[PDB]
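One chain comes next, on its own, written as structure tokens: the form deposited in one PDB entry.
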């Protein structure tokens, strides 16, 4: 069982756990309640294990898409923020933490892919996907290329694919309609076709992955790349003069990158649920709390309006939220796994010539709504 009278918190080792510990120190100063932050290896794999036996931390931090699985096994307690507190956060973030109509976690940070560009090679980045082919041609005559990004993960290619109307699962009836999938529609076919053509016309290479694209941009060889806030650190170290902006539009429609919300859930087996609520709502989710964590390790964009408004003073952060609001919250339902694998395959096959674009998406669609 979990010990009563204190709070044990789990957050990944790449996050600002030292800053989080300081908020916990503040909590102890004001309430006398001790807080312990830990960052065990593969914590998101261990949580389901220990939580199933009534053990584990009182609070766990992780991207919201993993919380669907946890809530499915009843591992997270339903949270009770009132209307007033909910209005302190951007409305769309609350949707990322709702399962069977119930709120099961507190939104902390918000992330989404953005268009990253080299200001020295490209002071005026393209506002549309359509003008990249021509831009690539003129940059080649200069010894450089226009764009390079990870094409191995559907998470990275979806922004373009979904731009003109694509979606994973329709969300209206309170939750997701698992039979209403948008990977087979005209918009997706159009998006995936433009993507495949960029490869066929040699503006991109079907084999490019995360490391290949990162190295290219951080060396100054390609003018643009598509990545998230987690990649800025490496770019900073490379000293390339870069900027972060809204993703290019396609067919006049904005790219729709998936959105991941770092969230804080409360262990269903915790005997300290009220303490957890007090800490999360009135200590962490305040300008002072997030500041303490952010100073340790940047959170990127955040769900708390007041603090995000301050952070948006950084154009890279402002662009991150801009792209997020034009994006699609990652579905937390069990069916999303089937979507990831089917779409990953469709892209690989359409780019290798194993299947035409239409046939690749047609099969992915059928496999998902299976």
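Residue numbers count along the first chain shown, from 1. For the two forms, the rigid core is made up of the largest set of C-alpha atoms that agree within 1.5 Å on superposition.
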(request) State which stretch shows the higher mean Cα B factor in the entry: 243-251 or 180-188. (result) 180-188
(request) Tell me which of 282-290 and 131-139 has the higher mean C-alpha B-factor in the deposited entry. (result) 131-139
(message) Take the CA temperature factors straight from the PDB entry and tell me which of 114, 208, 233, 93 peaks.
(response) 233
(message) Just to confirm, going by the entry's C-alpha B-factors, which of 267, 263, 73, 227 comes out highest?
(response) 73
(request) Report the third (lowest, middle or highest) to which the CA temperature factor of residue 345 belongs, ranking only the modelled residues of the same chain. (result) middle
(message) Quick check for you: using the entry's CA B-factors within this chain, is residue 305 in the lowest, middle or highest third?
(response) middle
(request) Would you mind ranking residue 106 by its C-alpha B-factor against the rest of the chain and naming the third, lowest, middle or highest? (result) lowest
(request) Quick one: classify residue 295 as lowest, middle or highest third of the chain based on its Cα B-factor. (result) highest
(message) Sorting by Cα B-factor within the chain, modelled residues only, which third would residue 88 end up in: lowest, middle or highest?
(response) middle
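The protein also exists as the form deposited in another entry; that form is not presented, and the subsequent description refers to it.
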(request) Give the option from 135, 104, 247, 196 whose C-alpha shifts by 2 Å or more between the shown form and the other one; the alignment is on the rigid core. (result) 104
(message) Taking the cut-off of 3 Å or more as given, in which direction does the distance between the C-alpha atoms of residue 217 and residue 296 change in the other form, closer or farther?
(response) closer
(request) Based on a C-alpha change of 3 angstroms or more, tell me if residue 254 and residue 309 lie closer or farther in the other form than in the shown form. (result) farther
